[PDB]
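**Q**
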Amino acid sequence: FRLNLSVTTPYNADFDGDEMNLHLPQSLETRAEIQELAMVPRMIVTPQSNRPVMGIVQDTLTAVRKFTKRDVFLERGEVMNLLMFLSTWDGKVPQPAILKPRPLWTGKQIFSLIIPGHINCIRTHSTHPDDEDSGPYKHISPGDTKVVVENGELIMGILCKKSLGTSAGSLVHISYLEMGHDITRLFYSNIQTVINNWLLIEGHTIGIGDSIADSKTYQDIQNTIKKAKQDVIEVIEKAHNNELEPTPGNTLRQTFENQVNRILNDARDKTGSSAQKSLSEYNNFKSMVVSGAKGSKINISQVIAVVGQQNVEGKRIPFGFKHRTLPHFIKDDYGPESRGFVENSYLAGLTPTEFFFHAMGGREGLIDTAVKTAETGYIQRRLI
Amino acid sequence: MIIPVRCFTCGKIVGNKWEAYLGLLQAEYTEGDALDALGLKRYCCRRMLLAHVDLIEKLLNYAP
Amino acid sequence: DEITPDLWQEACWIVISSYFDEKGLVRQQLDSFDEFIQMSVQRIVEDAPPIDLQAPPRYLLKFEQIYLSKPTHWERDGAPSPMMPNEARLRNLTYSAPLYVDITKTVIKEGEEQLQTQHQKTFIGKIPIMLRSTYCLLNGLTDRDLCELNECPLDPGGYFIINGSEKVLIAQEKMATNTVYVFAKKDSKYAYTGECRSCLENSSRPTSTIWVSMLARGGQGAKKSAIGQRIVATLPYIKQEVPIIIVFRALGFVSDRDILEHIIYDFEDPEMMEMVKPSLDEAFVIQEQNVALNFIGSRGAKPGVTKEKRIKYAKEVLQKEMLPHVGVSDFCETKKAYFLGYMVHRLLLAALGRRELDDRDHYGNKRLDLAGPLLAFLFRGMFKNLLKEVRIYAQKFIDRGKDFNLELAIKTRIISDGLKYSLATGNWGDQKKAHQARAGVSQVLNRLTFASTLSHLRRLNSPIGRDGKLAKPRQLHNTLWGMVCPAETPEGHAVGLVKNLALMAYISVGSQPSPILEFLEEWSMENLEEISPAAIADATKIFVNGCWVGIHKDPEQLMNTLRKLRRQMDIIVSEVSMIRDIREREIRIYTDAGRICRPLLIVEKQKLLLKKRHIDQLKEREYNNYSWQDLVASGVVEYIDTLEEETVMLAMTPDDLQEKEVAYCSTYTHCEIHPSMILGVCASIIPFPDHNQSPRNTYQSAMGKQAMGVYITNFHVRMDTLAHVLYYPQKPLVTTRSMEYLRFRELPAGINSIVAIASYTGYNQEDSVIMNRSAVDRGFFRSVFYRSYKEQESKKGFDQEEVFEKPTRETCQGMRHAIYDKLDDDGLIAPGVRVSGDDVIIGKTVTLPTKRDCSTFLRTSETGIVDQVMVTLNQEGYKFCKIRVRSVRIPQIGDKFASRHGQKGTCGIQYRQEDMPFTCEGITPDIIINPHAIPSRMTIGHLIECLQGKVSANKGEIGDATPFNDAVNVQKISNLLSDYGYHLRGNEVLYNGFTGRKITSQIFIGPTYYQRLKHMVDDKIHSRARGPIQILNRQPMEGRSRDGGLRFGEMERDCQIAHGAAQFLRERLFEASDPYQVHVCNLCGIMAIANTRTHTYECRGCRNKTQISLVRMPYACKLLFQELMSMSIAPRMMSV
Amino acid sequence: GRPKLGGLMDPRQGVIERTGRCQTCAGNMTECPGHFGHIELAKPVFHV
Amino acid sequence: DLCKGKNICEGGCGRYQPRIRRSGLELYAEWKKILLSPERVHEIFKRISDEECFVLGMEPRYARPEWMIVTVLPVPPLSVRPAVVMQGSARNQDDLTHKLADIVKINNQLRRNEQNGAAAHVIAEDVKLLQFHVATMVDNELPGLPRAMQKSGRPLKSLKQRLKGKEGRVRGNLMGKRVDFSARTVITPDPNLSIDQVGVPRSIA
Amino acid sequence: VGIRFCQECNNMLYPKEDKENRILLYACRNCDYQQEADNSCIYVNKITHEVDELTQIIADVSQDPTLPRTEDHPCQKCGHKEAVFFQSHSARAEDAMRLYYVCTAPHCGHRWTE
Amino acid sequence: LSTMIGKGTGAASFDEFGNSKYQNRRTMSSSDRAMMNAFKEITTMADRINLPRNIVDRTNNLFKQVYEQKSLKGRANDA
Ligand SMILES: [Mg+2]
Ligand SMILES: [Zn+2]
Ligand SMILES: [Zn+2]
Ligand SMILES: [Zn+2]
Ligand SMILES: [Zn+2]
Ligand SMILES: [Zn+2]
């Protein structure tokens, strides 16, 4: 069974072996019911959260972000290829944004043809700075992070999950509220076909090069971790010397864990941000995160900076042995390494203790997934 | 099982190079040198012989 | 001299190589079975009481010695012959060895004359034999000899062949016996509960559990609150809890000082004394041993008619049913008082907070029941039955005054069928008592992959039921390090419950504690019966297998002596655990089976006892006789169980942790041989597994079990129900050190693929894959699907029989629209004949009481060629035919493919070579995966393997992806790649195949090992359009193989209600499933009798036939109303 | 070897065999809805 | 709730009302203590007036208290308990058919004992078995009672077991069921289809 | 606070007063034996129960290889530099992070808290 | 065809003094009971000399005919 990529989200479907069922209505009366009530275009906006249930995902979302960048220019031949994949195209080639020295169409120009009707939408790109709205360039965005669709044309802004995903106020949401299901149906198909074929030119990959960082970034990450180790050691000395005053409402043990977890959480955040800054505009990890197609800033930090603290039942790795987590540690070892803080990134690789503690943390997610499927299923049935 | 006739990637013939490859290794050649001696320059073809497992030799041990 | 860090990596893998050269990978299976045959079977026969007959002449029978011959098969003519395992598989025989016993028969005739006759080697049944065990025919056969027998030398054995089915006993995980465990139940009425599961030595009559519990303080009262919490004991065979002090009185300790001396070893401690005061007051009424015994007897299993019977019964329970492991004799009351006091003492420490509560998830507190202990448990029951019927048979003859024939008294079916049935079905115990029988112990061995086969032989089953849900048993406990793979575990209901042994983990087979006890007595250990209770406080208790043997005043010297003996293998065998709890002043020694242990390098004075001389001797492992066992004899490596690991200070590596550095630990006792040994068989094939997110490692361990390859070298001789063989398996370009011991090179399950991580045409999105059509045209991931059909013709009944023949449409009653032309005259299709769906491969006709058709129809989807047609006699002597159909599976759209990092995906499209993107060299990727699969999954090991694979292919060297290896870094791999004229990060400039234009972004491309998974779309595609219906519900059948319909369940129904599609909902649930019509009486809503032929409708009960209404309802609704009517309910359908 | 009246497979109750007919209603396996027999208990019993 | 407080009959025959106690399938009336036979309960219920039955929340025309006592046992049609053919022409009877054999045998044995005038204790033991077989014909999961096995250790599936649960008659065959004209196979991407299109194999079509 | 058993039948002795003498006495239930009471305190209940953990520590813990050893806390008795430190890890304390030191010198099981 | 009562679980299953009130009773016919015992004897003999199950099945059929024909009713079933 072959499916459009957009309907994968409403179905919660993937293509790693998922099987879907087909039911063929056997009469006109039931055939008309499905046609007039249950067709995918009529299902675009869900009443659960008064927003679209399917959007632009994976390649098209990652590519449309690249496509709508300010500096994307298309030659005459490239543009004519894309218009072949625009079913709603009127057949009129728009005047290029640049006429001399060479005729060049921008990506926004071609996307404007995809946008149906004359809808008007205002969105912000994921990387839109907060202080730009208060600055002197509110309506002329230096970063192209302000999305304005006016009269059905994308006049500025980079499109991403925020303006094309399954969120209220999305450009896809406006198309449904304004143009209806049939025109919105063509909107989704036209975005995919046009930008999928442009991605054949621009391309998109992910490799080792996107997991590396500058030696300066590695030193900053190493220094941040080294400082975090000393900070946890200092707190341990205070607790050992009875110099730690319990925070009101918490026991001494709870106070110590809060301080240690706060130190290591901040170190993970500081190392993560340090890794993110080092990433270039060409970085493919960042490309799929800014577009919202896949991954998050935490994934990037884990791959580059540090995996971080491994937790079991919301606590650091417990003393499964007698007062120690593993036979490789001394007893009463409350340092970050003993209790499951992974100071390495995935690229660097985990040490044997980190690998095992990381396996302990991963097992919790697997147990939850098995539990969540049945625990929530019973709730759904009883509610119905 | 047996040395594929062609390289899977480019279609170069590699099924006439397994015995020669084994002989070169018998002659103290390193695997990289033996592959170079056989003319397998693309790493797709080097993959074919460098990673081949000749199980047909084991199967010939069983009587028909 | 000493191993320098520059040579440690080679040195440590020489050690690991020698371990596997000796032990293999199914050693736990084979060693456990060998112990059961060599020792347990003989012990069970020796332990059996002599059979005494008296009804006058007196007959005695004693079973002296056990003999076992080679696995033998008897032809229908009665000629014995050795049974080869391959013959057992083909002819569906059970691989069993005849069992013989020497029986001595002495008769006393009251004439002062004794006649003694011995029946040497009396046949008493057949024992299934584990393959490649000491008693298997393949034992001691060279690899050349195995091939001559059509046996794969790489086949590890460790499984049984029952009715031709390869059966593997899964290690059953259970809480350790004879050990006192204190647990706290939040909800229960007891604040704390100290249990002990006591079992006899050699695992006699099953374990007897005793609970010592402290009542919770929840109860509010002036008397209850003032006294505190009282301790009660839950003895076996007693309905109600018995106060603890009463049990001590029944043992023979009346005075409070005497009882407290067994519970409290230091009266100077007042806190513990106050804890037992409420218990003393509870039993103040009982002040005599006989009164206490009567009190316990009053609650006995059966009511006591008189006091004398009650006292006798109570003494019986305490003597043997209570703490049997402590003692089962009449003089063991003092020993049981001390142990029972220790249980109370342990409970007090838990209540006082002085000792931490025991952890059920700790594997020190766990035992794994392997084939031996499993088989021994069955054999004890069967042998008792054998003697029970021997007594019953001999009683009848001796009663009549005639002597009895000993051979005719023995029923050989008892042991032969009892052993066979338990292994055949997996229901553990008795067929009659299947209600309490443990299920899933025996499983058909998985032959999907050689790795899957190895994994199934090292599987561990948790005691917790799969249906039950509880996170804690499913969690990855700290104590699984080095013992259980932290990654290999199934996904779903069995997460964390089914486990796999770590690579070097070993399960103790068990040994007698007699040599240890004798040495302890010789050493300065004071016996428990000779000391005064006051001396226990300062001394350390000595426990051997959970039995408190005595006390010692110099624990440090004793432990050093014990450790020295075990390292020298003088009196203590290697698998014996010696644990000293310094804080608790206890030394625990364990010798029983089921303890998980792993070999560790011994460290003395921050120095490995392993030196360069050991490595040099191992390097010449052959022609030198130096092996792994010499390392254990030399005392440089010793086995450590989970309990002993708590007391071990262990160094991950010698190169770093032993060396002088910032002072962290200057007292190291042991060292890992290599940290990569924490992984099991399936996780050991993951390259760079320490660069992946942990769930990805778990997913690959599952996927690797489903990867096609060559599951076994002799697959051609085998006729398995399903078998997948890859045309061109390759060994991975990027391998792990551990893979050398999994025989993965010899039986690979994948191909090295040029993989580009690119967004090409949108056909690889959402975990989908683009495959190169041209590469597939060249045999890339081509595989064979072998399916075997077995049919047996059996004659059973007065005139009913089944035969192989071509059923003529006129002669035979039953018939189908299939094709019967392919069948030969003998009713069997011939090899080399193309067969499609709805084709008959076996022509079977059963005589009608003319003859019905039971012919075997080829699977509808299947379209192959008959490969082999084997005909023989099965175990029952009936003519037996197996037909293998061969179908070649070319990778299609929808076939699953995975890397070794949890990145599975179906093929979304196949492009030809010209359509694929190419490098400047003309290289096109065999596979294109979406970049979006990497970021969220964080399978960085996939990217490193691709980079390392590129270097390996260019350099000509198989890359090393062993997890915790500082010698390999991404920067190092990148620098190597630069030397071959490639971008150091594995990117290449690719050209669009459709246009030839350079792609703006450079594509990460390189060799990656992928594996074709068993799941092929053509085996899953299923369509239903008015098929057959089932008899009970008259609804579409179930299953793809039965042309069943898809279920339109409650969730699908709830969904259509929200849609408001009432008519479509009616179609699915009424029109498309089971449309039915009934006639209902109008006066009463009951279904009326309708005769459409006569057009007469009557309602028997209303005496009316004019007003009957036709009602259209689902057949299942009719069945419901009729079923409700069977319960006297009257569902009356009213049309008004 | 044939169904007997008053037995457990009374032919008046159903046609569960494909090649059969119901005595009560002269219907086949599909046509016949099945018919209820009864057992007259010697002494009354409680309905659980 | 109101009648439980009362302990004397008031009406006529001012008498002490026993405290009814149930031990498994048997009712005991304690005042001393006697075994409350089903026929005794039948006689008591037969004499309850229709108006009194209405007060007890029982419509007399649709449910009389005495009908709750099993006097005549309904025998399900064959279609309710069909024999399944497997491994030759050897019918395997349904669990209900197997249970009906026990009921028919015990009541036949019970009838002969009454006609033969057997001892009262012999008949009482027979009545106990008849109560058990009848009870486990409807519900074989009786709490604290032995299960009815299938001569092989597998408990019989009674009528109650057939209707309850996810795989029961109601949820498994009425609220949801298997349907014709349905297809299942693996799903793969197709960016060249519309969001409202599905690519279908020719074999399914 | 102390516990006594009668010298006659070695059973638990419980407190009792005599009105004639108005002096605390310990009397055995099943024995009729009586004894003069010298403690005068029937029992003491320690809600805080700040029991000195040093008493609970065993000097043998210095032989544990898994306990950390520090040379910066010399033994106060013998002056040995090396000492082994650990936490109480005892329930009912409601708070425990302080270290308890034990001298590693053999025959000197000195224990202290910093 | 018949069903065997299982083992009691709760206190309601057991009589006033231990023994279970619901006990299995033998409804097996004398002819079937004797025939069942003969088949058990036939299998016991066959296992002694390792006869295949097909010969046992033929023997069981032979015994049923002889047992039903009743010409050997005077002879012992084992013979
Ligand atoms: Mg999926
Ligand atoms: Zn090539
Ligand atoms: Zn009616
Ligand atoms: Zn009918
Ligand atoms: Zn006394
Ligand atoms: Zn000191």
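Protein chains in written order, with our numbering: chain A, 1 to 384; chain B, 385 to 448; chain C, 449 to 1584; chain D, 1585 to 1632; chain E, 1633 to 1837; chain F, 1838 to 1951; chain G, 1952 to 2030. Positions of the beta carbon are idealized from the N, C-alpha and C atoms, including for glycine.
Check the Cβ of F/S1927 against every Cβ in chain C and list those closer than 7 Å, keeping chain order.
**A** Neighbours of F/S1927 on chain C, chain order: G801 and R802.
**Q** Mind checking who C/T988 pairs with in its DSSP beta bridge?
**A** According to DSSP, which records beta bridges pairwise, C/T988 is partnered with C/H1000.
**Q** Taking 8 Å as the cut-off, decide whether the C-beta atoms of C/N833 and C/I862 are in contact.
**A** In this structure, C/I862 lies closer than 8 Å to C/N833 by Cβ.
**Q** Could you tell me which residues DSSP pairs with C/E970 in its beta bridges?
**A** Paired residues: none, contrary to the question.
**Q** Under 7 Å from any heavy atom of ligand 6, does the C-beta of F/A1942 make it?
**A** Yes; taking the cut-off as 7 Å, the Cβ of F/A1942 has a heavy atom of ligand 6 nearer than that.
**Q** Run down chain B in chain order and give the residues with a C-beta less than 9 Å from the C-beta of C/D1343.
**A** The contacting residues do not exist; C/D1343 stays about 16 Å from chain B at best.
**Q** Could you tell me whether the stretch 822–836 of chain C touches the stretch 479–491 of chain C, where touching means 3 or more Cβ pairs closer than 8 Å?
**A** Enough Cβ pairs lie closer than 8 Å, so yes.
**Q** Name the residues in the stretch 329–341 of chain A whose C-beta lies less than 7 Å from a C-beta of chain F; which are they?
**A** Listed in sequence order: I330, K331 and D332.
**Q** Is the separation between the beta-carbon of A/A374 and that of A/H204 shorter than 8 Å?
**A** Not in contact: A/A374 and A/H204 (Cβ atoms no closer than 8 Å).
**Q** Go ahead and pull the three-state DSSP assignment for C/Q1148.
**A** If DSSP states are grouped into helix, strand and coil, C/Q1148 belongs with the helices.
**Q** In chain C, which residues lie less than 7 Å from D/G1621 when you measure between Cβ atoms?
**A** Those do not exist, as D/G1621 stays about 11 Å from chain C at its closest Cβ, beyond 7 Å.
**Q** Is A/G17 near ligand 7, judged by its Cβ being under 7 Å from some heavy atom?
**A** With respect to small molecules bound, the structure shown includes ligand 1, ligand 2, ligand 3, ligand 4, ligand 5 and ligand 6 and not ligand 7.
**Q** Can at least three beta-carbon pairs, one atom from the stretch 1425–1443 of chain C and one from the stretch 350–369 of chain A, be found at a separation below 8 Å?
**A** Contact fails: fewer than three Cβ-Cβ distances are below 8 Å.
**Q** In terms of residue numbering, what span does the beta strand (DSSP E) encompassing C/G1356 cover?
**A** C/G1356 -> beta strand (DSSP E) spans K1352 to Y1359.
**Q** Whole-angstrom Cβ separation of A/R268 and A/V306, contact assumed at under 8 Å?
**A** Rounded, the Cβ-Cβ distance is 6 Å, consistent with contact.
**Q** Confirm, please, whether the CB-CB distance from A/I201 to C/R907 is below 8 Å.
**A** In this structure, A/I201 does not lie closer than 8 Å to C/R907 by Cβ.
**Q** Ignore the nearest five residues each way along the sequence and tell me which others in G/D1966's own chain have a CB closer than 6 Å to its CB.
**A** Counting only Cβ-Cβ distances below 6 Å, and skipping sequence neighbours, we find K1972.
**Q** So if DSSP puts A/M20 in a beta bridge, which residue, or which two residues, is it bridged to?
**A** Answer is E/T1817, bridged to A/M20.
**Q** With a Cβ-Cβ cutoff of 8 Å, do C/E1324 and G/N2005 count as a contact?
**A** Yes. Within cutoff.
**Q** Which residue comes first and which comes last in the alpha helix (DSSP H) that contains C/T1256?
**A** First-last for C/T1256: undefined, no H or E at that position.
**Q** State the beta-bridge partners of C/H1527 as determined by DSSP.
**A** DSSP output for C/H1527 lists C/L1558 as bridge partner(s).
**Q** Would you say C/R678 reaches chain I, if we count a Cβ-Cβ gap shorter than 8 Å as a contact?
**A** Annotation note: the requested chain I is absent from the structure, which comprises protein chains A, B, C, D, E, F and G.
**Q** Whether or not the stretch 1554–1563 of chain C and the stretch 1523–1540 of chain C are in contact is what I'm after, with contact meaning three or more pairs of Cβ atoms, one per stretch, closer than 8 Å; do they touch?
**A** The stretch 1523–1540 of chain C, when compared against the stretch 1554–1563 of chain C, does touch it at the 8 Å Cβ threshold.
**Q** Give the residues of chain D in contact with E/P1692, contact being defined as C-beta atoms less than 9 Å apart.
**A** Within 9 Å Cβ-Cβ: nothing; E/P1692 doesn't reach chain D, min ~18 Å.
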